[PDB]
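Input: a single structure, listed below in structure tokens.
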Amino acid sequence: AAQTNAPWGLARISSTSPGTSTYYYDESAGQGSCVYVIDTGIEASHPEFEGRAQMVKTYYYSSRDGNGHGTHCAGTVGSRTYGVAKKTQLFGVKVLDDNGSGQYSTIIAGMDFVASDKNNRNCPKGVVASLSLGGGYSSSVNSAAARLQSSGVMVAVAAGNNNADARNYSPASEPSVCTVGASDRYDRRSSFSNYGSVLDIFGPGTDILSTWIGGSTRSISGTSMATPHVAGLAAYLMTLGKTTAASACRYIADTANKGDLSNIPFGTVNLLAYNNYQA
Ligand SMILES: Cn1cccc1CNCCc1c[nH]c2ccccc12
């Protein structure tokens with residue numbers, strides 16, 4: 001399949017070169033997979049989700065996304081125009097309030113919720129969780145992400161936006177999950193992206209157009225935007241049968257575009273997520 005005039009990041013993930021604008025992908029499109037977006041919620045009524053998004057859990061007075069961040073991330077995973085995996089099922093878990101803030105204890109509860117809740121869902125092709133959030137180092141937060149991964153969920157987490165070594169942030173610093181840095185449309189490391197040995201992969205993170213609340217769209221930047229590209233890619237590849245939740249991060253690194261990013265510090269992987277789709 002070919003989506004013309006796609007957001008640059010979608011075109012980038014199906015290309016050996018920057019500077020193109022068509023996204024190419026297998027029409028299976030993540031059908032039969034599920035992606036949990038653990039964030040501020042998802043505006044499931046947005047036409048871009050086509051009925052494939054729903055809220056499954058909130059820790060606050062509403063499950064609605066009063067911020068936009070979670071809706072934007074969900075759109076990059078799986079919206080019809082802005083998404084990597086255009087036929088996946090999206091499940092929202094609202095661990096962050098409408099200001100984007102959340103206690104680590106709530107975030108941990110949300111991760112353990114997903115590890116159990118997947119047993120209540122139909123995801124024959126596999127389960128992914130996208131975590132566009134984080135804070136300072138916490139062994140308990142890292143352990144929660146490790147449990148979620150161990151339970152059979154492909155966990156993708158944002159590296160963080162401090163232009164610093166991600167070893168000091170959680171869940172970014174958990175070794176067993178997939179830690180995602182951000183790149184721009186010219187294949188430069190995004191100016192804010194964290195780096196370091198704990199990163200597994202880069203995805204498009206600067207000026208990413210996606211869904212927003214009020215049935216709208218907007219372009220924003222962050223490792224929060226790169227993470228759902230990788231989560232959606234994992235769901236897409238699991239639907240194709242090319243990898244599993246346990247091995248998807250490694251498979252994505254194995255098959256990535258290699259050595260093409262600039263301003264990658266010595267000791268950080270130079271790997272850009274790539275679907276290797278041959279039309
Ligand atoms: C404040 N706000 C608004 C919407 C969402 C948020 C939460 N921030 C998400 C971005 C982020 C901040 N610190 C991190 C550390 C590691 C990984 C990601 C992050």
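By convention here, the chains of the structure tokens are called A, B, ... in the order presented, each chain's residues are numbered starting at 1, and ligands are numbered starting at 1 in the order presented.
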Write out as JSON lines a residue-level contact list of range 1-114 of chain A versus range 127-144 of chain A with cut-off 7 Å: for each qualifying residue the closest pair of atoms and the distance in Å to one decimal, counting only C-alpha atoms, rows sorted by chain and residue number upward.
```
{"residue": "A:33", "atom": "CA", "partner": "A:127", "partner_atom": "CA", "distance": 5.9}
{"residue": "A:34", "atom": "CA", "partner": "A:127", "partner_atom": "CA", "distance": 5.0}
{"residue": "A:35", "atom": "CA", "partner": "A:128", "partner_atom": "CA", "distance": 4.6}
{"residue": "A:36", "atom": "CA", "partner": "A:129", "partner_atom": "CA", "distance": 4.6}
{"residue": "A:37", "atom": "CA", "partner": "A:130", "partner_atom": "CA", "distance": 5.1}
{"residue": "A:38", "atom": "CA", "partner": "A:131", "partner_atom": "CA", "distance": 5.5}
{"residue": "A:39", "atom": "CA", "partner": "A:132", "partner_atom": "CA", "distance": 6.8}
{"residue": "A:104", "atom": "CA", "partner": "A:141", "partner_atom": "CA", "distance": 6.9}
{"residue": "A:108", "atom": "CA", "partner": "A:144", "partner_atom": "CA", "distance": 5.8}
{"residue": "A:111", "atom": "CA", "partner": "A:144", "partner_atom": "CA", "distance": 6.3}
{"residue": "A:112", "atom": "CA", "partner": "A:144", "partner_atom": "CA", "distance": 6.8}
```
- request: Report as a VMD selection string which protein, DNA and RNA residues come within 9 Å of ligand 1, using only C-alpha atoms and all ligand atoms.
  value: chain A and resid 39 to 40 67 to 70 96 to 102 131 to 136 157 to 162 166 169 to 172 194 222 to 224
Kindly export the residues of the current selection with N, CA, C and O atoms, as a short mmCIF file (atom, residue, chain, number, x, y, z; two decimals), in the first residue's frame.
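See out-v5.cif below for the written result:
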```cif
data_model
loop_
_atom_site.label_atom_id
_atom_site.label_comp_id
_atom_site.auth_asym_id
_atom_site.auth_seq_id
_atom_site.Cartn_x
_atom_site.Cartn_y
_atom_site.Cartn_z
N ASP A 39 -0.86 7.05 28.98
CA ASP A 39 -0.67 8.48 28.73
C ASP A 39 -1.78 9.31 29.35
O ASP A 39 -2.31 8.94 30.41
N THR A 40 -2.13 10.44 28.73
CA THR A 40 -3.20 11.31 29.21
C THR A 40 -4.59 10.88 28.75
O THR A 40 -5.56 11.59 29.02
N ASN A 67 -5.80 16.87 27.57
CA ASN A 67 -4.52 17.47 27.24
C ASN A 67 -4.23 17.48 25.75
O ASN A 67 -3.97 18.54 25.17
N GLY A 68 -4.31 16.32 25.10
CA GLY A 68 -3.97 16.16 23.69
C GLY A 68 -2.79 15.23 23.47
O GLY A 68 -2.73 14.55 22.44
N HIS A 69 -1.86 15.19 24.43
CA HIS A 69 -0.63 14.41 24.26
C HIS A 69 -0.93 12.94 23.96
O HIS A 69 -0.40 12.38 23.00
N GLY A 70 -1.81 12.32 24.75
CA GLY A 70 -2.11 10.91 24.53
C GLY A 70 -2.80 10.67 23.20
O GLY A 70 -2.54 9.66 22.52
N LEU A 96 -1.79 9.80 33.34
CA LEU A 96 -1.37 11.19 33.47
C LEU A 96 -2.61 12.08 33.49
O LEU A 96 -3.57 11.83 32.76
N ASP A 97 -2.58 13.12 34.33
CA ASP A 97 -3.71 14.04 34.39
C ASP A 97 -3.72 14.96 33.17
O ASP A 97 -2.89 14.83 32.26
N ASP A 98 -4.66 15.90 33.14
CA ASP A 98 -4.80 16.73 31.95
C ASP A 98 -3.71 17.78 31.82
O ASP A 98 -3.64 18.46 30.79
N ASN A 99 -2.85 17.93 32.82
CA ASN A 99 -1.64 18.72 32.69
C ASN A 99 -0.44 17.88 32.27
O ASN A 99 0.67 18.41 32.18
N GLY A 100 -0.63 16.59 32.02
CA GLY A 100 0.46 15.71 31.66
C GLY A 100 1.26 15.18 32.83
O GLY A 100 2.31 14.57 32.61
N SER A 101 0.80 15.38 34.06
CA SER A 101 1.54 14.96 35.24
C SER A 101 0.94 13.68 35.81
O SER A 101 -0.26 13.43 35.69
N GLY A 102 1.79 12.88 36.44
CA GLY A 102 1.31 11.69 37.12
C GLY A 102 2.29 11.16 38.14
O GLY A 102 3.51 11.24 37.96
N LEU A 131 4.83 4.02 25.92
CA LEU A 131 4.97 4.84 27.12
C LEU A 131 5.76 6.11 26.78
O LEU A 131 6.99 6.14 26.90
N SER A 132 5.04 7.15 26.37
CA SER A 132 5.63 8.45 26.08
C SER A 132 5.65 9.32 27.34
O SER A 132 4.98 10.35 27.44
N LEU A 133 6.40 8.85 28.33
CA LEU A 133 6.45 9.52 29.62
C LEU A 133 7.71 9.07 30.35
O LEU A 133 8.37 8.10 29.95
N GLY A 134 8.00 9.74 31.45
CA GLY A 134 9.13 9.36 32.26
C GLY A 134 9.51 10.46 33.23
O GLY A 134 8.97 11.58 33.19
N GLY A 135 10.44 10.13 34.11
CA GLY A 135 10.96 11.06 35.08
C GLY A 135 12.33 10.61 35.52
O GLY A 135 13.02 9.88 34.82
N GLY A 136 12.72 11.04 36.72
CA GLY A 136 14.02 10.66 37.24
C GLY A 136 14.13 9.17 37.52
O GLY A 136 13.13 8.46 37.63
N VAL A 157 9.43 2.81 25.15
CA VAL A 157 9.42 3.94 26.07
C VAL A 157 10.25 5.08 25.49
O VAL A 157 11.25 4.87 24.81
N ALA A 158 9.83 6.30 25.82
CA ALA A 158 10.55 7.49 25.38
C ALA A 158 11.87 7.66 26.12
O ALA A 158 11.96 7.44 27.34
N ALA A 159 12.91 8.07 25.39
CA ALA A 159 14.22 8.26 26.01
C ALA A 159 14.25 9.50 26.91
O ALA A 159 15.04 9.55 27.86
N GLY A 160 13.42 10.49 26.62
CA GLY A 160 13.42 11.74 27.35
C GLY A 160 14.00 12.88 26.51
O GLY A 160 14.69 12.67 25.52
N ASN A 161 13.73 14.10 26.97
CA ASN A 161 13.95 15.32 26.20
C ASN A 161 14.92 16.29 26.86
O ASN A 161 14.77 17.50 26.72
N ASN A 162 15.92 15.77 27.55
CA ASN A 162 16.86 16.59 28.30
C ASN A 162 18.20 16.79 27.60
O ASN A 162 19.10 17.39 28.19
N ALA A 166 20.22 9.07 28.99
CA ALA A 166 18.97 8.50 29.47
C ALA A 166 19.16 7.55 30.65
O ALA A 166 18.17 7.10 31.22
N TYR A 169 17.04 8.39 33.80
CA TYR A 169 15.61 8.57 33.66
C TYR A 169 14.92 7.21 33.61
O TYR A 169 15.53 6.21 33.22
N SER A 170 13.66 7.18 34.03
CA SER A 170 12.87 5.95 34.07
C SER A 170 11.51 6.19 33.45
O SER A 170 10.92 7.27 33.63
N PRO A 171 10.96 5.21 32.72
CA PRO A 171 11.51 3.87 32.46
C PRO A 171 12.58 3.80 31.36
O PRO A 171 12.99 2.70 31.03
N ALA A 172 13.04 4.95 30.84
CA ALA A 172 14.02 4.95 29.75
C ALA A 172 15.22 4.05 30.05
O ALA A 172 15.76 3.39 29.15
N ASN A 194 17.38 12.73 24.41
CA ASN A 194 18.37 12.04 25.22
C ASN A 194 19.10 11.01 24.35
O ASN A 194 18.68 10.66 23.24
N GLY A 222 9.02 15.67 20.20
CA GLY A 222 9.50 15.05 21.42
C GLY A 222 9.87 13.61 21.20
O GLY A 222 9.50 12.99 20.20
N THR A 223 10.61 13.05 22.16
CA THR A 223 10.76 11.59 22.15
C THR A 223 9.43 10.90 22.38
O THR A 223 9.28 9.73 22.02
N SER A 224 8.45 11.63 22.93
CA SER A 224 7.08 11.14 23.03
C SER A 224 6.48 10.86 21.67
O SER A 224 5.54 10.06 21.57
#
```
- request: Skip residue 273 in chain A itself and residues of its chain fewer than 2 positions away, then list as a PyMOL selection string all residues within 10 Å of it, counting only C-alpha atoms.
  value: chain A and resi 12-15+180+200-204+226+229-230+233-234+249+252-258+271+275-276
For the residues in that selection, give me N, CA, C and O atoms as a short mmCIF file (atom, residue, chain, number, x, y, z; two decimals), in the first residue's frame.
```cif
data_model
loop_
_atom_site.label_atom_id
_atom_site.label_comp_id
_atom_site.auth_asym_id
_atom_site.auth_seq_id
_atom_site.Cartn_x
_atom_site.Cartn_y
_atom_site.Cartn_z
N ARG A 12 9.46 8.31 6.35
CA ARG A 12 10.82 7.98 6.74
C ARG A 12 10.93 6.53 7.16
O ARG A 12 11.92 5.86 6.83
N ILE A 13 9.95 6.02 7.89
CA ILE A 13 10.05 4.65 8.38
C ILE A 13 9.94 3.60 7.29
O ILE A 13 10.32 2.46 7.53
N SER A 14 9.48 3.96 6.09
CA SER A 14 9.45 3.01 4.99
C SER A 14 10.45 3.35 3.89
O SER A 14 10.32 2.88 2.76
N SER A 15 11.49 4.13 4.22
CA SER A 15 12.42 4.61 3.21
C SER A 15 13.87 4.37 3.62
O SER A 15 14.23 4.46 4.79
N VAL A 180 13.51 4.66 23.06
CA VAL A 180 13.42 5.30 21.75
C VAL A 180 13.88 6.75 21.82
O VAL A 180 13.29 7.57 22.54
N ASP A 200 17.89 2.02 22.33
CA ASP A 200 17.85 0.90 21.40
C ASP A 200 17.65 1.32 19.96
O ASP A 200 18.06 0.59 19.05
N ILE A 201 17.03 2.47 19.73
CA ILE A 201 16.54 2.82 18.40
C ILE A 201 16.15 4.29 18.41
O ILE A 201 15.83 4.85 19.46
N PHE A 202 16.19 4.92 17.23
CA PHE A 202 15.63 6.25 17.01
C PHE A 202 14.41 6.15 16.11
O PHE A 202 14.33 5.29 15.23
N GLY A 203 13.47 7.06 16.32
CA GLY A 203 12.35 7.25 15.43
C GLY A 203 12.08 8.72 15.20
O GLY A 203 12.60 9.59 15.91
N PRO A 204 11.24 9.03 14.22
CA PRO A 204 10.91 10.44 13.92
C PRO A 204 10.27 11.13 15.12
O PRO A 204 9.28 10.66 15.67
N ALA A 226 8.46 10.02 18.86
CA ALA A 226 9.23 8.93 18.27
C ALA A 226 8.77 7.58 18.79
O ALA A 226 8.68 6.61 18.02
N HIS A 229 5.94 5.78 16.94
CA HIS A 229 6.36 5.25 15.65
C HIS A 229 6.91 3.84 15.83
O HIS A 229 6.61 2.94 15.04
N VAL A 230 7.73 3.64 16.86
CA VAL A 230 8.32 2.33 17.12
C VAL A 230 7.26 1.35 17.62
O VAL A 230 7.27 0.18 17.23
N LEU A 233 5.28 0.37 14.65
CA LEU A 233 6.09 -0.51 13.81
C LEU A 233 6.12 -1.93 14.37
O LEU A 233 6.01 -2.91 13.62
N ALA A 234 6.29 -2.06 15.70
CA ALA A 234 6.29 -3.38 16.32
C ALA A 234 4.97 -4.10 16.07
O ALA A 234 4.96 -5.28 15.71
N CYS A 249 12.04 -5.48 19.69
CA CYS A 249 13.01 -4.40 19.79
C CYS A 249 14.32 -4.78 19.11
O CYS A 249 14.89 -4.01 18.32
N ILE A 252 13.80 -4.88 15.34
CA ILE A 252 13.78 -3.53 14.80
C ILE A 252 15.19 -2.96 14.71
O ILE A 252 15.57 -2.35 13.70
N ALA A 253 16.02 -3.18 15.74
CA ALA A 253 17.41 -2.76 15.65
C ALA A 253 18.16 -3.51 14.54
O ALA A 253 18.94 -2.90 13.80
N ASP A 254 17.92 -4.82 14.40
CA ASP A 254 18.60 -5.61 13.38
C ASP A 254 18.31 -5.08 11.99
O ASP A 254 19.17 -5.13 11.10
N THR A 255 17.08 -4.63 11.76
CA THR A 255 16.60 -4.28 10.44
C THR A 255 16.57 -2.78 10.20
O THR A 255 16.10 -2.33 9.15
N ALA A 256 17.10 -2.00 11.14
CA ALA A 256 17.05 -0.55 11.08
C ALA A 256 17.95 -0.02 9.96
O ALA A 256 18.87 -0.69 9.49
N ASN A 257 17.68 1.22 9.54
CA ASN A 257 18.66 1.96 8.76
C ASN A 257 19.83 2.32 9.68
O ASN A 257 19.63 2.91 10.74
N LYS A 258 21.05 1.97 9.27
CA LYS A 258 22.23 2.03 10.13
C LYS A 258 23.19 3.12 9.69
O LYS A 258 23.49 3.24 8.50
N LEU A 271 20.83 4.02 14.74
CA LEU A 271 19.85 3.10 14.17
C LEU A 271 18.52 3.82 14.08
O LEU A 271 18.04 4.35 15.08
N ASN A 275 10.74 -0.18 8.27
CA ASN A 275 9.85 -1.33 8.10
C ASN A 275 10.31 -2.33 7.04
O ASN A 275 9.73 -3.41 6.95
N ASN A 276 11.34 -1.99 6.25
CA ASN A 276 11.87 -2.87 5.20
C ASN A 276 10.77 -3.41 4.30
O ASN A 276 10.81 -4.56 3.85
#
```
task: Could you pull out the residues in range 10-256 of chain A that DSSP calls strand (DSSP E or B) from the backbone, as a VMD selection string?
output: chain A and resid 23 to 24 33 to 39 53 to 58 89 to 94 126 to 131 135 to 136 153 to 158 165 169 to 170 178 to 183 188 to 189 195 201 to 204 208 to 212 216 to 220
Selected residues written out with C-alpha atoms, as a CSV table (one decimal), in the first residue's frame:
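Result written to again.csv:
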```csv
chain,number,residue,atom,x,y,z
A,23,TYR,CA,4.5,5.9,3.2
A,24,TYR,CA,4.7,2.3,1.9
A,33,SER,CA,-2.6,-6.6,17.1
A,34,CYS,CA,-3.3,-4.3,20.0
A,35,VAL,CA,-1.4,-1.2,21.3
A,36,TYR,CA,-1.9,0.2,24.7
A,37,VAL,CA,-1.2,3.9,24.9
A,38,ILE,CA,-0.3,4.7,28.5
A,39,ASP,CA,-0.7,8.5,28.7
A,53,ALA,CA,-9.7,3.2,19.8
A,54,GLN,CA,-11.2,2.9,23.3
A,55,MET,CA,-10.4,3.9,26.8
A,56,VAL,CA,-9.9,0.9,29.1
A,57,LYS,CA,-8.7,2.5,32.4
A,58,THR,CA,-8.3,5.8,34.1
A,89,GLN,CA,-6.7,-1.8,18.0
A,90,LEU,CA,-5.8,1.0,20.4
A,91,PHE,CA,-6.4,0.9,24.2
A,92,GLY,CA,-6.0,4.0,26.3
A,93,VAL,CA,-4.8,3.9,29.9
A,94,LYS,CA,-4.9,7.3,31.5
A,126,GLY,CA,0.4,-9.7,19.8
A,127,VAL,CA,0.4,-6.8,22.2
A,128,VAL,CA,2.4,-3.6,22.4
A,129,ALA,CA,2.6,-0.8,25.0
A,130,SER,CA,3.7,2.7,24.2
A,131,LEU,CA,5.0,4.8,27.1
A,135,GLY,CA,11.0,11.1,35.1
A,136,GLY,CA,14.0,10.7,37.2
A,153,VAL,CA,4.0,-7.1,25.8
A,154,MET,CA,6.4,-5.2,23.5
A,155,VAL,CA,7.2,-2.2,25.6
A,156,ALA,CA,8.4,1.0,23.9
A,157,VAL,CA,9.4,3.9,26.1
A,158,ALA,CA,10.5,7.5,25.4
A,165,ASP,CA,22.2,10.5,29.0
A,169,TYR,CA,15.6,8.6,33.7
A,170,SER,CA,12.9,6.0,34.1
A,178,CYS,CA,12.8,-0.6,23.9
A,179,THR,CA,14.1,2.9,24.6
A,180,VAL,CA,13.4,5.3,21.7
A,181,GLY,CA,15.3,8.5,20.8
A,182,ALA,CA,14.1,11.1,18.4
A,183,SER,CA,15.4,12.3,15.0
A,188,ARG,CA,19.8,14.7,12.6
A,189,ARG,CA,19.4,13.7,16.2
A,195,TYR,CA,21.1,9.6,24.2
A,201,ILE,CA,16.5,2.8,18.4
A,202,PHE,CA,15.6,6.2,17.0
A,203,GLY,CA,12.4,7.3,15.4
A,204,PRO,CA,10.9,10.4,13.9
A,208,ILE,CA,5.3,15.2,13.9
A,209,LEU,CA,1.7,15.8,12.6
A,210,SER,CA,-0.9,13.7,14.4
A,211,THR,CA,-4.4,13.8,15.9
A,212,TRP,CA,-5.3,16.2,18.7
A,216,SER,CA,-8.2,18.4,15.3
A,217,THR,CA,-4.6,17.8,14.3
A,218,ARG,CA,-1.3,19.5,15.1
A,219,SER,CA,2.4,19.0,14.8
A,220,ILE,CA,4.5,18.7,18.0
```
field: Selection near residue 29 in chain A, 9 Å with only C-alpha atoms, sequence-local residues under 4 positions removed, as a ChimeraX atom specification
entry: /A:25,78,84-88,235-237,239-240
